[PDB]
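Please find one structure pasted underneath; my questions will follow.
Chain nomenclature is as follows: A, B, C, D, E and F, assigned in order of appearance, with residue numbering initiated at 1 for each chain independently.
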Amino acid sequence: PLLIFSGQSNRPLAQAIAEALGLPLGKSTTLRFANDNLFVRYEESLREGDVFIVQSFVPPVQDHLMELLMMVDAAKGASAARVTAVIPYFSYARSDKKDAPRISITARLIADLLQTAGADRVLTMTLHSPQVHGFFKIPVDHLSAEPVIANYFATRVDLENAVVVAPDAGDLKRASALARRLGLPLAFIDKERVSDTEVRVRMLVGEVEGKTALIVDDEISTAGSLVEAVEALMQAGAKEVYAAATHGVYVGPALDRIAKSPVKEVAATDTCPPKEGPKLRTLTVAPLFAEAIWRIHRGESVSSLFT
Amino acid sequence: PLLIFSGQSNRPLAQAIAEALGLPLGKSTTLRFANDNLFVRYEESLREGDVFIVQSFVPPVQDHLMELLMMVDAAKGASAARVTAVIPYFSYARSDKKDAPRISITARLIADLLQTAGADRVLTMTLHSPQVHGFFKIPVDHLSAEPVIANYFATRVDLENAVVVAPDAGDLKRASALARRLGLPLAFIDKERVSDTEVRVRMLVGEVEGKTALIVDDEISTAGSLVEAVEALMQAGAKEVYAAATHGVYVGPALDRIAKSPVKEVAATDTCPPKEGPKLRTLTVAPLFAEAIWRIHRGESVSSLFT
Amino acid sequence: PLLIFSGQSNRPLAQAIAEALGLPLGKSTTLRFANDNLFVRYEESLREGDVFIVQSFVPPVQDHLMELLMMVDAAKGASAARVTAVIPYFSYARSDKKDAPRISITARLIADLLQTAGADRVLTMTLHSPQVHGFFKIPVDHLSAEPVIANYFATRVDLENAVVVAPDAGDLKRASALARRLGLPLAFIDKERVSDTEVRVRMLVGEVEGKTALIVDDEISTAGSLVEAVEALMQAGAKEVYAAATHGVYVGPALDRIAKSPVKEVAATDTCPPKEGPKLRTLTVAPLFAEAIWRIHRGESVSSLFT
Amino acid sequence: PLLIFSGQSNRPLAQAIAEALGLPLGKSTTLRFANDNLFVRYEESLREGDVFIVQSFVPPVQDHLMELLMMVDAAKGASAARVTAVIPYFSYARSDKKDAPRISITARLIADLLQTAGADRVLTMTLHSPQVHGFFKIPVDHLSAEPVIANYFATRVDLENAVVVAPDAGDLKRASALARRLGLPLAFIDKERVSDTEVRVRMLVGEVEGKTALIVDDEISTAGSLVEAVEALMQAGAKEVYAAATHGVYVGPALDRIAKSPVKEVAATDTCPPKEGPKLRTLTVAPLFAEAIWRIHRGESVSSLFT
Amino acid sequence: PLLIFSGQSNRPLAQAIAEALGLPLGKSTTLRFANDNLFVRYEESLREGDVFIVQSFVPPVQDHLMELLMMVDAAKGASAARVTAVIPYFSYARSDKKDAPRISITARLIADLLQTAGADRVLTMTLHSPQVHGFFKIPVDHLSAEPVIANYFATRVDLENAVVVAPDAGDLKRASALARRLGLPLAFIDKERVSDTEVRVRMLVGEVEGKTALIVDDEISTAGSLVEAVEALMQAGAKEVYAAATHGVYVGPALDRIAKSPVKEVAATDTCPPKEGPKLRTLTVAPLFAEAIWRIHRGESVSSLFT
Amino acid sequence: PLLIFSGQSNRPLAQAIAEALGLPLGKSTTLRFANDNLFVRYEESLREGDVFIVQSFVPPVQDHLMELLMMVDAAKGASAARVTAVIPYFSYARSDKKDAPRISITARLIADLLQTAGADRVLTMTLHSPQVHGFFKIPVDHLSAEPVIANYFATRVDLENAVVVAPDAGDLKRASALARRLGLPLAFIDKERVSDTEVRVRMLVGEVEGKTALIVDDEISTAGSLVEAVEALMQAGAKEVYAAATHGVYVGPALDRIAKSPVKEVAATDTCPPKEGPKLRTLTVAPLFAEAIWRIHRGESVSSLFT
């Protein structure tokens, strides 16, 4: 008995997911009382159901976290047989280090909050670091967006005379995996930035001058990393720059910084509800999440989607 | 080893609690990133400390809840010997029953969340129902508002042949304790629904005509319950109506509904930050919380400040 | 896979539950050694079964509690797929507040004990307060007595221009539901203390003189609360008084106090075994429990038997 | 802050324990309501206390179990720093095997019940099997009665021409340890009993005929094992028999079977409240429990009492 | 979906179990990096599978323990519906008491390690003591080797003038049962362990006279107990000595000591990989484990194997 | 009472830690029976002690892991007030992701095993990745080896024309910090692991030109990364290469490959017992661990070591 519900974060994705399998979104309501307190209710019976609750960590984030936790709790209190937290974008995966003393490793905290709310498993996509998987004791199915991102580049850009680029050192793994998949060279643009030598503006590594540059990242939030990588690419010689990421968070001055940038096109998935933009394009992962949910429900191989 | 910290919900209350036992507020910063994700940090060492974190559940409540959860988690991660969640107002205390099918008993969920975050105890004032205590496995010290509410009526009303009233059966327990510490007789109301229709066709009990009314309630949110009773009292007789509660929540139409109603004065503690109104007196409970905290730190009887 | 078992507390109720869904009572024996230690044993395999264990908290309650705990533990040790504690009467539901310092909130303790013993869910009828639900992490299905109590008043009283009364504010919720399903108006009492002095100087509300009284309460233990209201009703007017409750506990001076009081008839379910009296009618709820159990086993809406 | 409390099982022992250290029994009350439900309350503050609660598993056993669990729970709810279950006799240590299918390993169940009630440790004496220690995750200090039993035999009996006897095979370890300590031979009397051969009455092993026999066991409940070992000893030649055990449970027909037996004297500790008997003698372990409690409180070596 | 896998400890047993169920042995890899760290990987999906993992605690024991824990952990992380640790020989069942202060009750520790790795059940054979069952909260199915040992003795030995011999008190239960099974008389040794390799016979009990002695024990490790028991039986007049044990561990000097001893034949099961010796025989428990697994998967009675 | 103990992995380090605190090394025994099972025993009382147990994960790794778990378990069973697992080298920190499907995130598993054995804290040095911290719920104090490595380089090398080199992206944070500490420039390798023994350099980034290259890494295991990095630096024109790592594991072909390489000197700490080589140097971390332990015991700031 397969049931899908949505919070308020990304109902279009959740609707599209359910639709992909020929299922409706299950009926649930969440209210906000005058004192700003949340309330959650399922209209129909969840009893003995295999239930999947879709929520992304987009603004307002803390209302969405709590709605997810409450919906998970209520589903177990309503006698669901199994409850899966479907979290297309887990923003707190960025809070995965104790990089300053006396902070919260918030990703781990949220993993434990989810577990005590009653979640039996998680379904997610492109965690900020792969180690976040280890913050959960419950099973996590961690989906890749490489297939849709690779398809976007192979179909939209022109890969004759092209290179995939890593601006950060932490980007190298994902950019290398795309380069092998697309049959393209890899290049790097200096991460320091050379705070001593003659050439103060970014130093280059690999052939870029004539070529069309391809940037892959996990997410775009303020677009600050994106915009500075593109400017460095252009002054280093490059003809044009295309960008892709899994999570188009697009927050603060992101849209305007992208518009002002000479980047040609920026592709993101619909893990986060997409925003209006002439240069913004969205690659849907609703059929991918849907096929994962179906296989989780039926005990079919999820990893064979990516192998 | 006694350290005290505040979230963003009621820093004045915590500053007063701190000054009332001769200690400074501990340095802690809580940020928001552009993506609306919280970040918490303690500036000083808390190692082997007996730490108390003050947060009331005021708007925006989900950010305050999450910040509390993070601060408790970060304090245990920073090797605090003990951490107490000082929650002056626990708003989700009202979500204590499963009165609709397939909802979250959210007060219980939050107790569990606090515990997995790492809280060793709770210090709180005037919970909506006495059964909420049993939602916590950890010890909760449950401060009473009766002393400071009685010493307001005594110190600046002074009405012989007065009467004291409850808006709710449930707060009858509170109005059968004030009432009769002052030495007056009784009255009360009991109906639904605050989340439905207008305001509100009621049922009253007691002798009020040649008598002057005092109201005792746990909290005032929308002030509908307040205005209902004031209208019902000051129409079948009744010279004048005064009002008292522990939690001055004051949201939605409340501040305006107080001015429009013939109620003389409304009394609230500073569990929630004070909101400015014409006839709106607020009673500091910072000395009471500071005394409870001093006793908790030293292992002295906290029960002794009730009797 | 549907198996049903009883302790020693109310084998008749469980026999009727079993016969009402066409299944035999499962064979289980519980012994006492000379040293007063319990011993529990299942005679048949329960392996991968959906097992339901019926025990009410009747005298001697501690032996019945322990036998329930042992039977749940032994059922999980025997590899039951699922075990439900069918608790028709949960007496410790009354220990739900910390109204005295340094006591046990015993309802919570017992929920925790049941869970560590291995109970996956609880099936119960008419808990003393609705907050007890929140003492369980596991799902509790909370059966209502209103249908069978209404269908007693309708089927064998038949009083036009009658009135319906509550002994307790708290059971006002129950008397604001019966009341008005029948179509009569209201009345209620509210005071302390059953564990103190005689019986009992009270405070009543409503119009009773030219009207005939019905009483609705959660339970009747010593029947003091019953006799108090019957005396208070049948003295300021009132033709005749009838009585109804879910739990026919009937201990101490109760059976005698019923005969001595001018109350016409007392109605109770068979959650506790029936005690023989002159005007003492008992309403079988075995068909209702059997229907709830059938629904739990098959995953059908248990909420649907409330509406 | 060292505090000792007692349940109803063995207040004289608990009083003597506290007295041994120059401390009073702390003030606690336990009531039984008319419905047979328990209630527990501490009169004084336990806050930040190192609290020890003394209870033996003697009839009525299930009331005593529950009283212990409730007292442990209430002590943690009253903010004790540490709570130790002092269980001088743990009768359910006999329920330590799954020797028939589909039973409770009740000793393990009770260990988990104790832990969820809130016990931080256990202090006990002569567990029925040493493996019961492993049923607890919390620390258990397991005291020996060999010093007091050895002292009894060395001072009361006359060890010239004496032998210590094992009737059961399971007795051999404890009887051997006493034999080495007293400088006596060991003997055995057949455990089968030879269900085939010529001599149907018990077969002998080791020299018994002229000698005075000494029986040691963990406990005496019905005295059935004791009485049959003594009769076998007399018909096998023995002059006289003395018996000792840790736990004088003395239940059912124990007292009369001992009186009818030619056993000269039967010694037991006061872990269980002793019963009246001319041939019964009690060896006090109150000073031993007291010195253990003192050392647990102070972090001094408990095992050096026995080394 | 029934799925069987193997660690490195006893692949031939796992293979024989799989083949008796009509199934392939699931594909698992275990690697050791140059730093001596282990790595496990399931080659194909085990999602929603009923997973059985076979591992005996034979040398190298800690590698085998860790591999089992990792395989259980990886099975749960890969979304197994259920995982059973099939442990034919649980060697640490000998670490079942605190018989010196400040040691680990290692059997209990391992039970808890297994549980936190994610094991839902255990299937094992001939635990050293019957209390070890109680160290596990998760269900354990405990198989007897008595039927195959009895089938073997009926095959190989003349049973006209035979007697079954327990080499110590701890084994008396198992030997007794074999006696009652085969309709033979019973005898036993009181054993005193002085070291890991050296033991001593305190006394022999029962009619040996001139019989064919059948020794049965749980395990043979160094064979010190076996060969001392053989010597004791022979110069007590026995005709000949046959030996059987469940666990043929055969370490240290065992093989040499079996060769020197006049014992005619030593049979053990293949819970542990066998070792070559002229007098050594091995009985396979693959069919019994296969049948138990078949029944556990289908929810049929496992006790029915031994009754 | 501060108490230090050692497993078998690195007794010289534990001894040096103890001696720097002015304390004896606590008496522990670890035995291996003939069946390869471990046994631990503390010789003297550690009751109410602040217990620190030193164990590195060096070969034989699984024996050392199990010994640590047993020692932690035995410490708790022997009534330690607190136990800290001091793990100078946590080798399984490399098992921190699911980079193939159906593996164990072994670092997380071990974190949970440690917690269930009863560890209250961890003290460790230079974890392979900064996310491993989040695998532990219990507090972990994570010591940097950077101060001693910097003190060493300032001692042994000419720093006028030097550059610090990270041999992979995962180590860039640590190398960067050393650069900023010593006021030197920074360079790094993009590494591609092909097997446990074999790796490849994809690209070198930064100004080497004709400098004295200082490699710093977390660990040296097979030295494949070290020697590939050395070669890459040399035929990129570097003058000379010095290397330092925290963990000198030195397994497989490491010692031979260090001898062949033109690297001048390879320094590692003594987290792992050192191995003899002409170019090998070892820096002791006993004073730093001792100071951390001293501070943990006294509740003084541990971060203050590295700021």
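Brief remarks on what is shown
The working rule: a residue touches a chain if its C-beta (ideal position, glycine included) is under 8 Å from a C-beta of that chain, and two chains touch if they have at least 3 such contacts.
Just so we're on the same page, UniProt names per chain: A, B, C, D, E, F = Ribose-phosphate pyrophosphokinase.
A repeat of the C-E interface exists among A-F, B-F or E-F. It is B-F, with more than half of its contact pairs matching by residue number. For the interfaces A-E and B-C, the C-beta contact count is higher for B-C. Per-chain CA centroids place subunit A at a distance of 51 Å from subunit C.
Note on chain placement: the centre of subunit B and the centre of subunit E lie 62 Å apart, centres being C-alpha means. Between the Cα centres of subunit D and subunit E there is a gap of 34 Å.
Within subunit F, contacts with two or more other chains are made by residues 45, 77-78, 98, 101-102, 105, 112, 303. Within the complex formed with subunit A, the subunit B residues making contact are 33-43, 45-46, 57-63, 65-66, 69-71, 73-74, 77-78, 91-92, 94-95, 98, 100-106, 109, 112-113, 115-117, 195, 221-222, 249, 251-252.
Those residues of subunit C lying in contact with subunit E across their complex are 1, 45, 47-49, 76-79, 81. In the complex of the two chains, the subunit A residues touching subunit F come out as 96-99, 101-102, 105, 107-108, 112, 129-135, 137, 142, 169-170, 172-173, 176, 186, 188, 190-192, 194-197, 203, 205-206, 303. Touching subunit A in their complex are the following residues of subunit C: 121, 139, 141, 299-304.
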